[PDB]
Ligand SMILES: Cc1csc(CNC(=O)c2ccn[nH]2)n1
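Quick heads-up: it's one chain on its own, the form solved without the ligand, in structure tokens.
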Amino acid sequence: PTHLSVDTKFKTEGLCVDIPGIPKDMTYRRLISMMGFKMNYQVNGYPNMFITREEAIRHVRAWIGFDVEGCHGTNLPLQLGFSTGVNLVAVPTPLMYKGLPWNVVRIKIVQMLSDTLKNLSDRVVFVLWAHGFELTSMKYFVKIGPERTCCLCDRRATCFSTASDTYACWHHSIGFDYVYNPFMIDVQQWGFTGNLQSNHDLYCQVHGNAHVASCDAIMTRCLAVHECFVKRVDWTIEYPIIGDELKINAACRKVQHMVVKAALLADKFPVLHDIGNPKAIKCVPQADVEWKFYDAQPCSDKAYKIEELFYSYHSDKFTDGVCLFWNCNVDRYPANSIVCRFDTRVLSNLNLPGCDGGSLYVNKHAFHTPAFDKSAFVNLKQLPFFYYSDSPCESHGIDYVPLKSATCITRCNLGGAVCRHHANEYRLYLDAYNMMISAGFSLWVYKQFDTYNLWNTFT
């Protein structure tokens, strides 16, 4: 069992206000037929338009919430809303577009999905809170058939053009008018009491209800992210590489080693309390310090309360030495800390919008991360950029312009002229550091941290 059987039952109660008289006994096979689509007994990679909760989770990057509200259904205008904030009015003749016929609305849908999804996913998963009008509108902008490849590349086809009779992926679909082989999931099938707003509002105060289709589309997708990534967490699911994942992760390890090594050299803490990932390894293995670990998985709902991580009776004395919180998100860091905190507000192909101000950071695994809160850092200050090295000044083995920088903390710089080796390493470090920052990571440190204390570690 990998795909959703078309013979699975579909609960129709949520559809009966838009579709009165709808049979209670209903399968996906009959529903797809009712929606105006014919599967023709085809074994060509597309067994069902609808997918399981598990298939949806693996394809979370493709999720686009979708809602259709009857503006006035054959004779009435429809308002199509998407979790991108777009509202389109389709006449059968928070962005709000005036009423237009389906032939032009479909081009806008294809353009919007393609620009939203080309750098995220090989597909689209329409996330529904199905009431009827959204399912019956699909025939006006969706075409289905065998799984196909793009006409200009090797990627799977996501769009079709009636002008050229050709197929394209999200990257080569300019001027295309049909969404081809989309996927969908009805959140109402999961078992809920009450309407969308009542279930959504139980976990989120950031998305309101301005009474438009896009608001419902946003709440639907938010509710789905809550159920799949906030209340339930699965770190066994791998996600494909779509960007700078490897460079970002490598940069994070480089910066962590640099910062902790320098804090230990500058302030000589006798003990380090490493709080976070239960699979953490000493980031400065050659350091003298008593290294003590404390297990905490990444918090996916609210930030950890420091009182619960530290109290209720370990070294016991977290006030001794320094505390290292490398992506261990707490409500208020103690004054003696070294912190890396992901900024959920960051715009990137890895960072998806999440629940209640949180974001869904997807890099190898999916991590729902609680909203970035500037007040968590009141006892600390921003960590300034610096490169420190005690390695020998020796080239070994790319061209050169002499490096002049006050933040290159090396013997050669102290001696008045940065060596080629330390200039190369400084520039590589600066690139890694800028990569980490741009990815959304933020660095904080105890207020007494001063890189002037590193110069005397060269005697």
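Numbers for residues come from their place in the sequence shown, where the first is 1.
The same protein also has a form solved in complex with the ligand, omitted here; what follows describes it.
**Q** Go ahead and superimpose the pocket C-alphas, place the ligand as found in the entry with it bound, and count ligand atoms within 2.4 angstroms of backbone or C-beta atoms: 3 or more is blocked, zero is open.
**A** The site is blocked here, because the ligand, transferred from its pose in the entry with it bound, has 3 or more atoms within 2.4 Å of backbone or C-beta atoms.
**Q** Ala157, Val110, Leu383, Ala213: which sits within 4.5 Å of the ligand in the entry with it bound by any heavy atom?
**A** Comparing distances to the ligand in the entry with it bound, the residue within 4.5 Å is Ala213.
**Q** Does the ligand come within 4.5 Å of any heavy atom of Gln79 in the entry with it bound?
**A** Flag for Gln79 set to yes.
**Q** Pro392 near the ligand in the entry with it bound, any heavy atom under 4.5 Å?
**A** Answer no; every heavy atom of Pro392 is more than 4.5 Å from the ligand in the entry with it bound.
**Q** Hey, in the entry with it bound, does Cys151 get a heavy atom within 4.5 angstroms of the ligand?
**A** Taking the distances in the entry with it bound, the answer for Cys151 is no, it never comes within 4.5 Å of the ligand.
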